[PDB]
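Whatever order the structure lists them in is the order used to number ligands and atoms, beginning at 1. Here is the naming used below: chain letters follow the sequence lines, and residue numbers restart at 1 for every chain. Keep in mind that the numbers below use all heavy atoms, side chains included, and drop hydrogens, waters and symmetry copies.
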Amino acid sequence: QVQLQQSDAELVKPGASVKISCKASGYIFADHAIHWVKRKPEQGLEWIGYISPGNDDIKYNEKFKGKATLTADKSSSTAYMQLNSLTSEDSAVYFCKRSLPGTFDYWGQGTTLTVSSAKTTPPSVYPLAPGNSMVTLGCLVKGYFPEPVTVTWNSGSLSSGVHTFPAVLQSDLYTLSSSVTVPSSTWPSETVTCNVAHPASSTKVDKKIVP
Amino acid sequence: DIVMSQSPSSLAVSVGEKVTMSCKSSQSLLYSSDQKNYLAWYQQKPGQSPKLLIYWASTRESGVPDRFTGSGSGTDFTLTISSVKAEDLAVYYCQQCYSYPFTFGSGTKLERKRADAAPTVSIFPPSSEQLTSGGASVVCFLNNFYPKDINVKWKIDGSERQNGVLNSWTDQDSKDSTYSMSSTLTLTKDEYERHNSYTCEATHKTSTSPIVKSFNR
Amino acid sequence: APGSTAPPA
Ligand SMILES: *[C@H]1O[C@H](CO)[C@H](O)[C@H](O)[C@H]1NC(C)=O
Ligand SMILES: *[C@H]1O[C@H](CO)[C@H](O)[C@H](O)[C@H]1NC(C)=O
């Protein structure tokens with residue numbers, strides 16, 4: 001019944017502004033303040049401020065005064081947060097949430113903000129073959145932007161002993177590797193393929209692992 | 001500003017056993033007019049919104065299981081899970097609600113205890129394709145070990161190498177509760193071709209001596 | 001205010 005529906009993920013350049021929305025339904029919008037909370041990897045949760053649309057009361061964390069603007073449109077039951085002069089420090093998940101901790105506590109689904117100078121870039125995929133009863137192979141997935149990518153092995157049918165590692169950032173571009181472990185008998189006598197998909201560029205790479 | 005402190009940063013818990021988590025405030029959160037502590041506990045699981053578990057230090061929010069209990073007063077607070085379940089492996093944050101600005105602790109992540117397991121280590125030369133385009137990434141996988149603490153050391157021609165090494169750690173595996181790690185040494189083709197011997201060494205509590213994997217180009 | 005909900009301090 002009660003919902004806080006946030007706007008879609010945002011990807012922007014450093015120095016840009018963004019305005020995130022939070023649409024309330026299933027209750028009377030004016031009855032509860034909307035607080036904004038930043039969830040940034042390795043920086044837990046941080047309170048930004050609130051707007052109380054019923055009495056037009058707005059309060060900011062001092063750190064965000066001059067950086068964030070909170071508004072509300074009562075006619076559309078929507079709260080907004082604008083962030084200006086964006087840097088990579090602003091990359092995070094932003095939540096709107098209702099009221100104080102207690103009975104009315106309720107959260108939006110979150111909006112991801114990525115701030116980067118990089119251009120959308122498909123991955124280059126490089127096969128990893130070795131220089132035991134089991135053998136490990138891999139793929140190196142280099143130079144893509146933005147997240148995410150998905151990696152499968154033989155189209156998902158090689159499901160076991162797969163590890164796809166969190167990407168690391170290098171020159172504004174992401175790189176990761178994926179490993180798969182198969183029986184020695186099956187490789188190289190059978191073909192092993194890593195299948196990389198990058199939704200943002202609509203790209204699929206199928207790279208065969210050659211001994 | 002009230003400073004909230006949580007320890008430990010993460011905790012390996014035995015499923016089915018009790019866990020206790022601590023939170024400390026730099027200032028008392030006890031309001032003398034109503035005798036309530038303005039302290040809340042939140043759970044967050046990856047890709048999900050925070051969920052309120054506890055407010056006023058000890059009041060359980062609606063739809064929160066009875067195995068969750070908040071206690072304490074003033075500056076010293078505790079969240080207890082009796083008989084922790086796999087679904088409770090998550091990050092727990094305390095938040096003071098006593099004054100603006102609202103401030104949270106840095107969180108306690110619950111991970112699952114299991115038996116110790118040595119890593120499976122494997123090293124990979126750069127692909128001829130990568131070399132043709134002028135690059136040389138040498139990749140080492142340290143797969144399916146427990147516990148999560150591990151040290152990797154690269155050696156080029158017997159000599160320890162620190163620069164150009166990028167490491168990446170998986171979150172705990174949801175099936176077997178192990179950890180994995182990738183260590184990538186990134187060189188230019190020319191740098192790579194100046195040396196002959198590449199070694200990845202992993203030290204883990206499961207052995208006194210390192211697991212050593214190498215190749216010669 | 002104490003009327004409208006807010007933190008106590
Ligand atoms: C306090 O709680 C009431 C509902 O009981 C409203 O949600 C009000 O907006 C809350 N105040 C703040 C500052 O969020
Ligand atoms: C009432 O005022 C307080 C400030 O004292 C907060 O703005 C709160 O959000 C308001 N409550 C409602 C329901 O608008």
Side-chain angles (χ1 to χ4, degrees), chain A residues 1-6 20-39 44-65 68-82 94-111, chain B residues 1-2 4 25 27 29-42 44 49-64 70 93-105, chain C:
Chain A
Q1 200 77 260
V2 169
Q3 274 173 278
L4 294 177
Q5 176 53 41
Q6 299 188 45
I20 289 170
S21 72
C22 172
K23 180 191 170 49
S25 59
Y27 72 98
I28 298 159
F29 179 62
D31 277 0
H32 300 285
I34 302 297
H35 300 247
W36 292 84
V37 174
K38 179 184 177 176
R39 169 74 193 106
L45 292 164
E46 184 178 24
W47 180 78
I48 292 167
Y50 70 84
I51 183 168
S52 187
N55 60 350
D56 296 345
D57 171 44
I58 301 157
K59 254 212 205 325
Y60 293 96
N61 190 330
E62 257 276 335
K63 315 305 252 295
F64 286 89
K65 271 173 158 71
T69 307
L70 306 186
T71 58
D73 188 328
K74 294 156 85 173
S75 76
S76 62
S77 290
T78 306
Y80 299 97
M81 173 181 65
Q82 182 162 337
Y94 294 85
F95 293 95
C96 63
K97 68 84 59 177
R98 183 174 82 158
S99 190
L100 255 29
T103 212
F104 293 103
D105 190 272
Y106 203 94
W107 293 70
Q109 81 280 14
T111 301
Chain B
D1 283 4
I2 297 166
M4 302 301 300
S25 55
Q27 265 201 276
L29 303 183
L30 177 62
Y31 186 43
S32 58
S33 298
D34 61 8
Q35 302 88 53
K36 288 166 172 184
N37 293 281
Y38 283 75
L39 182 95
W41 290 95
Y42 286 94
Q44 189 173 27
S49 309
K51 181 173 109 212
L52 183 61
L53 300 172
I54 300 284
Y55 60 99
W56 299 327
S58 61
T59 297
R60 193 186 286 118
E61 170 75 316
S62 106
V64 170
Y93 294 104
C94 63
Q95 186 215 313
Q96 69 82 16
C97 337
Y98 184 73
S99 54
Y100 297 126
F102 287 158
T103 52
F104 297 80
Chain C
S4 187
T5 59

### Task
Quick one: look up the protein heavy atom nearest atom 13 (C) of ligand 1 and list residue, atom name and how far away it is.
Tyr100(B) OH, 3.4 Å
### Query
Aromatic rings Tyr31(B) and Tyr38(B): how do their planes relate, parallel, tilted or perpendicular, breaks at 30° and 60°?
perpendicular
### Polar side-chain atom of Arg39(A) near backbone of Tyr94(A) as donor-acceptor pair, under 3.5 Å
no
### Message
Would the distance check show the side chain of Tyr55(B) and the main-chain N or O of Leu100(A) forming a donor-acceptor pair, the cut-off being under 3.5 Å?
### Response
no
### Query
Nearest to atom 14 (O) of ligand 2, what protein heavy atom do you find, and at what distance?
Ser52(A) OG, 3.0 Å
#### Entry: Near-ring test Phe29(A)/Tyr27(A), centroid separation under 6.0 angstrom
no
### Task
Output the list of atoms in ligand 2 that are nearer than 4.0 Å to some heavy atom of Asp31(A), sorted by atom number.
13 (C)
### Task
Could you list which atoms of ligand 2 come closer than 4.0 Å to a heavy atom of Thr5(C)?
3 (C), 6 (C), 8 (C)
### Query
Looking at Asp57(A), which atoms of ligand 2 are within less than 4.0 Å of one of its heavy atoms?
4 (C), 6 (C), 7 (O)
#### Entry: Heavy atom of the protein closest to atom 3 (C) of ligand 2 (residue, atom name, distance)
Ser4(C) OG, 2.8 Å
### Query
Under 6.0 Å from the NZ atom of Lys65(A), do we count more than 12 heavy atoms belonging to anything else shown?
yes
#### Entry: Nitrogen or oxygen of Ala33(A) less than 3.5 angstrom from that of ligand 1
yes
### Task
Indicate whether the side chain of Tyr42(B) and that of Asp105(A) have a donor and an acceptor atom separated by less than 3.5 Å.
yes
### Message
Using a plain distance cutoff, I'd like to know if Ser99(A) has any nitrogen or oxygen under 3.5 Å from a nitrogen or oxygen of ligand 1.
### Response
yes
### Close N or O approach (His35(A), ligand 1; < 3.5 Å)
yes
